[PDB]
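In: Sequence isn't available, so here's the structure alone:
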């Protein structure tokens, strides 16, 4: 994980926002086709960060996009493209 | 007479080796093949007769060759085409004759 | 005879107090009170004439009151109307008569 | 189905079309697998050689949340996301077909109800929308400062055209802003549409002449065919009438959208009625909730809609789903989703239902400035109604709480007002 | 209510419309007083000064029978009769709004469901009816002595219009008689309407050329507005498309009536689907029942109508209602009165939803030649479909009872039909 | 200014539009205030009484990023976001008028060049976009897996219609698919447009007859007047012409968009030309960069577009930008943001300007199969060109690096192609 | 190329077309050969077989004069002649593509411009030219003895319809002759075009009633499509307006030539805005100078044109080009060629940009009577601005020098005018 993503997820968690991730290959990515990733059911920063890095490792060489979720509103509040295949 | 066709027609009649090379590129491209035949060939006529399915669980060219040779044996007076299609792209990426009567 | 107008026109002629109170209303909700007149009243005539501004730096009702008194002094033979705009909502939530010749 | 149509983790995109279910699965059917199915039968329907020439994954309904219904048994809340591409541009009928067309028949679900849909700002923009909206409509009418009163001419039928213009004449001239046709008045043989329209137009002309304020009547043009609609609407536009009537339920969304696009082209307002409304949202166990319809209509386009008399919670939920530009997601109000709208002009709700003139203080405190209130009848009665409105408004602008002192205000208005006294007595 | 409305001693006339409701009163509300209320909410609603200017009794809908439901408690039928003057001529929408426009919402009834209508002759014959009629339809396709075959392309979405034609073509060439566009496919970004139409027409013509048999596809013409739908349909006519597909519930009836009339003028078969009917009719106790909808549509006009995969008795009941010229009252099949159409032609029922071709012999024995069926997929696949049809019909004709002999027929047929041999192994 | 317009803390929304300016301020004007002044210019310009009747904040361009250009002095990028209400739906025109209506005319910036825009999906959804798309164009033309060959008719003027169709035929029969009307040819007195249309039509038909390729000619329809452009357009479809050509710069955007829409209604491909562009883009330090123009057109709608003979990297950037559905921000290729289309279809790129067919392999590699190459003219020459293309694509299929082996390929192809051998000899 | 395209001894025929190029070649390239290349690229481009089938020479762009720029290095002036044949009739667009279609892509010129064109009188007469002309305008409006005054309404966006027309009324009543939109303001979400026409017409008619002077606003009818623009302009005439607005760089020349024909046919004034002119004129090195565009536009047809606040010689040059029938060549003023117009009427200049009423007496000096002054604003300000207009004209007519006495005129006028005193005190 990069410093700038770490500081992002920090800010996200501090507000009380949940964490989600979505993955897709370079073709899927082109077609704006994302897929669900395994749940990060933890509000602790360490556990979130560890599960993010595990998910990144899971999907080597595929686009990964990080997001911010307000559970009360059930709606998106932030978009961000964290990783790319190269 | 001077009758050509869509793709690779102006090169020498494509031969089993070069068919194999082209089939291989099609395979590693990941586009699941389709073969197709007819009695005649009309541009204004969009659709030909596919070879009873498209091939989806394709590992080797040599099976595609066997099928083409079969569909010659049944339709030796018809034209046989190979077509390749990207789903993700939603674009027909390959379409070239492999037989003439 | 019985000519009406759009809001409060039915009611008895608004005395100063109720005009003030409604100015107040506009003030809490930030409807800066816009004073306009016409020499007659016909529904087809969308547009009337302003009293030289809308009163954006109104800290009190009495100032707009006193304006309308000036206006009556100069065009007492005319009708006077007052409006308030929700620039945030871009909506005219207010228009009503405070004078008649 | 679960393994491909149930995506608990799935975060629904800004551009998605989000849909909120309340379903009750048949015994033996788990909630999760019920939601998966509900997803599947609404978008795909289920190894045909045709499928692998396609991107199935790209168009799938991703059911991303299921949650049990509070304080009730055998009912769960499923949220399904749908790509924006799944639905045709300009077409309410399209999204309706794609959403609420087939999954309604899926036997395994005992009981099924879609409740909300998040209309992404993008698919919002696309539509002609309403023809004038709240504020432009108020301006065209010159009417500000109070909700727009309305009265239903009676009897529903039988009246001659000439008498139908007598009735409009009285009702409007008493002081009332518009008068509405009965939905069962279109061309009927005792009253032919052209004569109705002519006569009414005369009557509004006179009434507006002698009061000097905007008058209109919701002259229904619902005709069996587009051509006939268009003819009655054109000839109405020759008459200087500010508004018409269309029954979007019983006419249809397509007819409505045509009419509205014409009206926007034509500078004439648009009224809607909801005949059969109950047929779709009444039961507590099945249907689509009236909010999504009001939202759909505003989408398709209209300047006026009925919302009833006054559940109040979700009532004002949909009032807000048809008035504001921005509303936050609120469960308790029915607003299952957040709704951004790119400044699309809002719509004016039409309260109705024999509104019981004395009930009006709460009605106004509910509906505020921006609304239309409609009376299920004589010129003094409208005089008293107008009086009372102005007074109630007046008191609300004072800061007094209409709730508490509604009878007291109506009273205060009563002593100088004969006709208001004659009414309050009744 | 029970005093004026409720006329069990009244004689209904041939000039009057009847409506059938299965209604369960709210507790405290008796059966009779509820049936009167149901009469009231739909005819007159409920004193003003316009009342005495009219003859009120001229314009009252009359309930003339109540009885409790067999095998159910507190459920009763209010049989209700109406004048002829009430309605606009030839207006589905008008009638709908007259009857069902206010009755569904009144609290006094817990689960009302509109079961069946009886349209008087004089009213019935003001329409155009279905654009040709089963007999002319069958003459135009030139196909006799057997039901017809539709297939709905799969998968629903992502297919290129080029693939979409290519799947059509396989469908028809293997011996199908129709492909059907899906109700959702109207202009999606991944297929725009016009390309699709062009490629379907080319595919139809080439399938015709190879096969030697007339071919038709169900081109969707539901379009967001009247102008799109008009253009679209014109374009299809330009390609000589004999048949089209419209959705009527979301689109409504006004637009379907326009399309039917235009098609009358232009020779064009009108296939129909019922998308969103499951909203309105699935629930047993509340809603409106599909035969009403079918009867309304058949007034408006449509060559085809879907009626379900399949109560088998109520199914044939309203099947009959849509095919034959005159039907009698049959409660065992759900038919409640005796109807006359006075020479307005029939509409084909269509079967869908996994018709399972080893269930084919039951399908024929249920309906027979005068219907259409729809399979859920290849040229060989459609050839086996075809072979099964033709063996089934043959065996029917021979006097062999299908019901018992199915799997033997299919067998025998498969012995000489390798393609049917595969379809039976699967 | 910088206080009011420059907010480095603001996050751009998906609902906001972005504009990239490579700006060098006038001496004495700091970069930050310079960006402030730019932001002020393009939306608001910069008191009056009217000003406090609105919400300035709702209508405020925001610059959230300024940075000095690497390896340049006094040069910086202003990235300025823009709300979702400033513009009208579906009008390139209004856009350019808002962004570039006066910003270019300001004093403080010595040169300003608009590098990039980023449309919000909401606006992207409101146009019609390209009539068909790359995929659908390839479907109509039935040609797949390679780029497209076009040749322009020389000399640009003087040729008689008879001559001009001779040359057409020869270019086409020799194996080129497309023929280009040199830009200035519209109706010149030596060549009346209508006689040109007919002769092309009859040459293309007969070419198609001999060759057994679908042909197409590029038919410039750009007209003095809207009526005239339309007429010539009807008469082009009336001969079954599948493709036409128009100018979006010189003729403009309202005409192009009207033509695209009509084409959409009439099933005709629409090629574009870029004429007058290099008054706007040649300057690296002032004007507009062609990625913006392309992007605007691809909103407007067009099948093809010129993109140059070939910066390589920036080429690829805006190339992939006009073909690809979603693109990432990358500065090396000149793409400053991450974009999505929400499924608006692609445009083929076009190159021209003396393509030197022994340069073909690099051209195929850099472009690929989705492009069209346009060549500055005999049937043998077209034969050689087509051959060299077919050999190149084959070889690329083989996995042979094009760059290294182009010359050996061409030679091997020529050893059996006397046409190509001769082409090589020169 | 020089031996083909450099003819120093060539006399241009009056039937030719002369275009003046400022150019800086690449190092090494001689100036004469560079200008030969610039000639060749546009008239012929460049060998092919077809070329000898025509008269090469007849279709050539002849460099007959080259000189360096006085007091400048690596710069020169080219004059090129083009035969009348090469061009279409009535197509400004054709002109722009021939002259400036591709030449600014030619590599060897480091920088290029076109300074001026001389349109042969023959080629002139094919265009309709301005719809009415200065004199016909000035008669129909009735306005004499002064230049005209305009107030661009502010704020550009956000303003509601109702408020919009309010402010139009105000400012118009103050004594201003017209009002404009910002070029940006046609149908933004906050504001719909049709309602805005309707409001504006009410305001104008009220102003004209009360003031007793022809009032008008500049009605931006630019629309995404020729159909829309036609629509909006037809509508605007229905209401009885005298003038409209439209924008040529943005929307397109063709749409202009259309709109000018239609307004010519329907007796409506046309006003023009020049948004993006900066993107073609600003720099001193590369673009097309504004004068050329103004020349082209008056060809196309218009009644007003923005011309800046006000190099002063250039301003006076092209305003006179657009004003007078005959102009004599003047390189100090930048008029490269003698021009005639065979009495084709002129166009009204427009200057705007917060014109500083203190500088207004200079502006009357510079421009002369036949002009329009726009003002980037309330009823009293508009009165003070009119009375200053008076006072300055009157003084001019007294024989007092405007430039020397501007301050004395203004103040003396203000001694009797509170509104002008107030203005001056700012």
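Out: Cool, the structure landed. Residues are numbered from 1 along each chain as shown, chains lettered A, B, ... in the order given.
In: which ones are touching the residue of chain B found nearest chain G?
Out: The nearest approach of chain B to chain G comes at residue B:2, 20.4 Å away (Cβ to the nearest Cβ). Any C-beta I mention is one placed from the backbone N, CA and C, and that applies to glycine too. Shown in contact with residue B:2 (Cβ atoms under 8 Å, 6 or more residues apart in numbering or on different chains): F:173, F:210-211.
In: Which stretches in the stretch 51-200 of chain D count as helices?
Out: Secondary structure of the stretch 51-200 of chain D, counting by DSSP state H, counting those that start in this stretch: helices at D:92-100, D:121-125, D:133-141, D:161-173, D:193-211.
In: chain center to the first one, what's the gap?
Out: Just to be clear, that refers to helix D:92-100. Taking Cα atoms, centre = their mean, to the nearest Å, the mean C-alpha location of helix D:92-100 is offset from the chain mean by 17 Å.
In: Does chain E have contacts with that helix?
Out: Yes: with Cβ under 8 Å from any Cβ of the partner chain as the threshold, helix D:92-100 lies in contact with chain E, specifically through D:92-94, D:96-98, D:100.
In: who's in contact with that helix?
Out: Helix D:92-100 is touched from outside by D:17, D:19, D:42-43, D:82, D:86-88, D:114, D:117, D:123, D:127, D:252-254, D:257, D:288, D:296, D:299-300, E:183-184, E:186-187, E:222, E:224, E:247, E:250-251, E:275-276, E:279, with contacts defined as Cβ under 8 Å, 6+ apart.
In: Name the nearest residue to residue B:5, ignoring sequence neighbours.
Out: residue B:97 (5.0 Å; Cβ to Cβ, 6 or more residues apart in numbering or on different chains).
In: Wasn't the one you found part of a helix?
Out: No: checked against DSSP: H, G, I helix; E, B strand; the rest coil, residue B:97 lies outside a helix; its state is strand.
In: Compute the number of surrounding residues for it.
Out: Each residue near residue B:97 was counted by other Cβ atoms under 10 Å in any protein chain shown, and the total is 18.
In: What distance separates the opening and closing residues of stretch D:179-198?
Out: Using Cα to Cα, to the nearest Å, the gap from the first to the last residue of stretch D:179-198 comes to 15 Å.
In: picking up where we left off before, quick one: secondary structure of the residue of chain B closest to chain G?
Out: For residue B:2, the assignment made with three-state DSSP gives coil.
In: do you know how far it is from residue F:173?
Out: According to Cβ to Cβ, to the nearest Å, residue B:2 and residue F:173 sit 8 Å apart.
In: And the residue of chain A closest to chain E?
Out: Closest point on chain A to chain E, by Cβ to the nearest Cβ, is residue A:31, at 10.4 Å.
In: Could you report the distance from that residue to residue F:114?
Out: Using Cβ to Cβ, we find residue A:31 at a distance of 29 Å from residue F:114.
In: circling back to that earlier point, who touches both of residue B:2 and residue F:173?
Out: Counting by Cβ under 8 Å, 6+ apart, the contacts common to residue B:2 and residue F:173 are F:210-211.
In: Which residues of chain B lie near chain E?
Out: Proximity of chain B to chain E is assessed by Cβ under 8 Å from any Cβ, with B:45-47, B:50, B:52-53, B:85, B:87, B:90, B:92 identified as the residues in range.
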